[PDB]
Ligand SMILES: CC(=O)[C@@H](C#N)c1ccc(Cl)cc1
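Next up: a single chain in structure tokens, the form solved without the named molecule.
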């Protein structure tokens, strides 16, 4: 069984490179962040442009939704993160503390906390309600490329250009694990929906499925191009069990999680596919491309 992802909608509006696309947990919306300093909201099923959210002084590298789908958090080159009330478009808080580009961000499941990663080499844990930085983790010795909470928010996984993936205890801020045959820059990391595995991408055209407890590599996925960009990868769980990733050859790659075989390549983009997202309940992939393309694509499969 292979998926049958076909193009349904192309979403144009950003005037500079799109950096990140994320589906709201309620499945109604898609949020996009761009180098044009804007956040855009789009209908998840019809690609219908909804609204623009502005405020950042420089471009945005990442965006994430709260669990109730009411708030967004964005990570900007302006060295801040901003918390937004989606319906009103208001900026609730400006998160200050990072001394360089804020690259990545995520809410925890309870959505009372925000995790962020920066070029300043740190991981920061923020209180949503107050906007205060609760902890600064001396995480890495190079830019932090990704940050993600596990299923119950008790763990944080971070990745960096230093070649490491680190597992952190949310409550204490203590480093619980360091994942090390070589150390190529780690451009992306995230926990599996069950929280037992971590999917990590490295700038050597390789994606790896790790078992965090045992520190063992279970699966390796290749065939795509990834040597310069921090491309988002995902676990597609609505139909068949796939690994979805963007690629520097302008394609969306889909692998069978178990066999590691490429099951689909999506053609359509005209620049690096920097970001992909999988809909929480429907077999829908959102993809986003860089400066020379500027569009977002919505693809759907029967399985």
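Numbering follows the first chain given and starts at 1.
Quick note: we don't show the form deposited with the named molecule bound, though the next part is all about it.
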- line: Of 193, 215, 89, 109, the only residue with a heavy atom within 4.5 Å of the named molecule in the deposited bound form is 193
query: What is the one choice in 257, 262, 278, 41 with a heavy atom within 4.5 Å of the named molecule in the deposited bound form?
result: 257
- request: Among 262 to 270, 66 to 74, 235 to 243, 49 to 57, mark the stretch whose residues have heavy atoms within 4.5 Å of the named molecule in the deposited bound form.
  value: 235 to 243
